[PDB]
C-alpha cells in the first residue's frame, strides 16, 4: 500500500465498535485494491477514552471511535440520539443517526471527516425477578449509570453504580437485583445465568462516530475518498445489522441454556415511562438551544427517520 492509516478504538476487540472496525478495514483494503492499508488498535492500545478526540485531531491516530455520550456538551446536535426516542433496534438507530448527521452537517464535527456513525442496541432491564409493570420497579436496585440512572430514579427505582466486574457478586448478594444495558450482555458476560427475566423497554441507545484527522483525509486521492464516502452509509447499516443479529444470538443462547423469559410492559406503563422521562428531552432541548441548535426541529426529524427505518403502521391499503 501507498497509504497507511491507524484506527484507534477504545473498547475491547470482541465488542461491536471493534468488530465493525475490522470489517471496515477489510472492505477498504479490498475496494482500494490494496492502495490503502489500515492498522487497528482495539482496546485502547493507541488512544483510549481519555484522548481519542484530541489524539485524532493531533494526528496521533488517523481514525478513531467516539462514544458521544462520554463527552457531554461536545455534540449538542448528535447527542439527541442518547435520549429515549423510541428506537427499537441498532439497525434503525444507526441508519437514522447517519441520515441526521448527513442532513445537518453539524459544526461539532467540523474538525474531522466523519467516516461513519452507528448506535448500540437499545437499553433494556434484565433482572433476577420479573419486572412486569412499573410497580415492580419501585425501590428495585439496578446497576446503571448516566442517563439510565436518571431514568431509573424517575421511575422510582434505585440506580446503583458499580463496575461490570463486581455486578455478578452484587446480584447474588442482592446489592443490585438487575442491570440496565443492551441484551448482548446476557451471553457475552453470562448475565443470563443470574438474570433470567428480560424486560424490553427499548429505552435509549448510545451513538458513536468514526472520525478521521483532516490532514489524513486531505491526503487521500479522489478515488480513495469515494470508497470511504460510499462506505459511510453502508457501514452504519452493516454495524447495526451486526449488532441486532448479535443480540438475537445472545437471546437464543440464553433461552436455550437458562430458559430466560422476554417481557413487555403494558402500553399504559410505557406511556407513563415517556411522561416521566420527558424532562430529559426538555433538558436536551435547552442544551441544544444554548449551542444554537433548533432542538424541536431536530427531534421532529429524528421521529421521521425512526418511522422510515422501523415504521410499524400497516400498509395504507389495509387501513
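Positions refer to the first chain, counted from 1.
Engineer: On mean Cα temperature factor in this entry, is 126-134 or 209-217 the higher one?
Structural biologist: According to the PDB entry, the answer is 126-134.
Engineer: Averaging only over Cα atoms, indicate whether 44-52 or 62-70 has the higher B-factor in the PDB entry.
Structural biologist: Higher of the two, by average CA B-factor, is 44-52.
Engineer: Just grab whichever of 235, 120, 79, 145 has the top CA B-factor as deposited.
Structural biologist: Among 235, 120, 79, 145, the highest C-alpha B-factor in the entry belongs to 145.
Engineer: Whose C-alpha has the highest temperature factor in the PDB entry: 166, 231, 152, 204?
Structural biologist: Comparing C-alpha B-factors across 166, 231, 152, 204, the top value belongs to 166.
Engineer: Please rank the C-alpha B-factors of the chain's modelled residues and tell me whether residue 113 sits in the lowest, middle or highest third.
Structural biologist: CA B-factor rank for residue 113: lowest third.
Engineer: Give the position of residue 181 by CA B-factor within its chain, expressed as the lowest, middle or highest third.
Structural biologist: Highest third.
Engineer: Based on the deposited C-alpha B factors for this chain, I'd like to know if residue 88 is in the lowest, middle or highest third.
Structural biologist: For residue 88, the deposited C-alpha B-factor lands in the lowest third.
Engineer: Relative to the other modelled residues in the chain, which third contains the C-alpha temperature factor of residue 319: lowest, middle or highest?
Structural biologist: It falls in the top third of the chain.
Engineer: Quick check for you: using the entry's CA B-factors within this chain, is residue 25 in the lowest, middle or highest third?
Structural biologist: For residue 25, the deposited C-alpha B-factor lands in the middle third.
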